[PDB]
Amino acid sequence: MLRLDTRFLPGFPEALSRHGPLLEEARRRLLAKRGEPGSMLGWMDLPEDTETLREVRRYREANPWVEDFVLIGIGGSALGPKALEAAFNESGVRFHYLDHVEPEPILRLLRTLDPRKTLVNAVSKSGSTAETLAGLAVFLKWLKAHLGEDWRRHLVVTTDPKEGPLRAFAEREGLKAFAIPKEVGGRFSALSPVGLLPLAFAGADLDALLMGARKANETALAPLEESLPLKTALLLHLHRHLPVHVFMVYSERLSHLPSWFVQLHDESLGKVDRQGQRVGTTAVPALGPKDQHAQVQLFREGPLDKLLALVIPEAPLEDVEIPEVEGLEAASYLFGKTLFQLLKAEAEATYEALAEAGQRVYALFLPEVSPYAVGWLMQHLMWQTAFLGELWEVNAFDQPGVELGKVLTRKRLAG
C-alpha cells in the first residue's frame, strides 16, 4: 500500500477539503481529453495492456543467448528503463545504455563486448532522435563487421508503430520491432515496451509491475479522500511558490528513479501557461542516506525554499544482520542490528530533521522495493504530474523548448 505521510504538515487535511472543488475540476478537465486524438494520454492505458507484455516475454524467451543488452536511447527512452532495470535485474544480463555520444565509452563497449552475445535495442518514439541514430549507425557497422548477415537477429527496435525512420528500417530489414503507442509520449513511456523489453531480459516480474500501475490508476479515479495522486498534486500546488522540489529516495536499487522523476516533472511542467507566464518548479534528485552527506546540510541551514518528498521503504526483501567486529568497539551500537534497520532509522531521522529545520516535507512510504510498489509509485507520479498540468494551466505533454537546440545542432554540423 503506497502511503502518504504528512505528519509534519498539520494543515493538510483541512487544505484538502478546502481545495476539493479545484482538484475535482482539474481531474475532470484531464479525463475529458481522453479518446481525443493527440491528447497524449495513452500512458493511462499501458497498465491494462497485458497482451503486449506476453509478447515481449515470448520474444525474450526465444533469445536466451543474450548476455549483454545495449539500449541505444536517450531521455524518455532511457531514464525509465535505467530506473527499472537497476532495481529489478535478476537475470544477470548486463545492460549498457547509450544515452550519449561521447566516443571513448562507446569504443570501450565495441572493444569489450562479444557481438555473438550482444543484443542492441534502438529505442526512440519519433525514431529520428539524433543521438540514437548516431549510436545506432556505429553499432550497426560493428554488428555487420563481426556477424555478417546474421546481424539482424541482434537488433530490435522500439518505436512508433507506423511513423519514423526506425520503423521503416525495421520493416526494410525484417527486424523484430515493438511499438510505443502514438498517444504515449516518451516522457510517459516507461511502462510500454520501452521499459518492458529490457526488463524482460532483466528477468523482472512484468506482471507485478503492471499490477502496481493499475492500482495507481484506481487511486487516480477514486473519491478525493482516497486519491493519493490528487493529494500529492495539491501538496506541490500549495507550495508552487517554493522554487525547488526535492525528490529523495531511500534505496540504492532505486538509485535511478530520481532522475526519471526529474525529467517527468521538469519537462512536463516547465512551461508557459495559458496566461503567458513562465511556470514550473525545479525538481532536484536525491538519494538516502548518501545525500545526508551532500545535500541535507543545505536543506537544514540553507534557505527555506524547498518542498521535499522522501520515498521510504518499510521492509527489505532480504536483510543482513550487522555482525560484531572484534577490536572495533566504537561500532558496537550497530552490532545485532540489520542493514535495513539502519536504512529505515536514517530515513526517519532525516525526515524529522528536515521538518525540525523548518522545511516543508512529506513522505511516500513503499511496503518494499518491488515491481508492484514501484509500478504503483511511477504511475502515481505520472498522474500527479498530469493533474498539476491542469492546476497550472500548461500543456504537460509537449516539449516546445527542445526544438531550437536541435536546429542549432544541425547548423553547426553542416557548416
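In this text, residue numbers run from 1 along the sequence as written.
Asks: I need to verify one thing: averaged over C-alpha atoms only, is the B-factor higher for 233-241 or for 285-293?
Replies: Between 285-293 and 233-241, it is 233-241 that shows the higher mean C-alpha B-factor.
Asks: On average, are the C-alpha B-factors higher in 169-177 or in 307-315?
Replies: Of 307-315 and 169-177, the stretch with the higher C-alpha B-factor average is 169-177.
Asks: Tell me which of 214, 96, 117, 253 tops the list for C-alpha B factor in the record.
Replies: That would be 117.
Asks: From the list 333, 299, 261, 201, select the residue with the highest C-alpha B factor recorded in the entry.
Replies: Answer, based on the entry's C-alpha B-factors: 333.
Asks: Pull the Cα B-factor of residue 75 out of the PDB entry and bin it into the chain's lowest, middle or highest third.
Replies: It belongs to the lowest third of the chain when residues are ordered by C-alpha B-factor.
Asks: Place residue 33 in the lowest, middle or highest third of its chain's C-alpha B-factors, as listed in the PDB entry.
Replies: Highest third.
Asks: Could you look up the Cα B-factor of residue 380 in the entry and say which third of the chain it sits in: lowest, middle or highest?
Replies: It belongs to the lowest third of the chain when residues are ordered by C-alpha B-factor.
Asks: Can you tell me whether residue 164 has a C-alpha B-factor in the lowest, middle or highest third compared with the other modelled residues of the same chain?
Replies: It belongs to the highest third of the chain when residues are ordered by C-alpha B-factor.
Asks: Once the chain's modelled residues are ordered by C-alpha B factor and cut into thirds, is residue 358 in the lowest, middle or highest one?
Replies: Answer is middle: the recorded C-alpha B-factor places it there.
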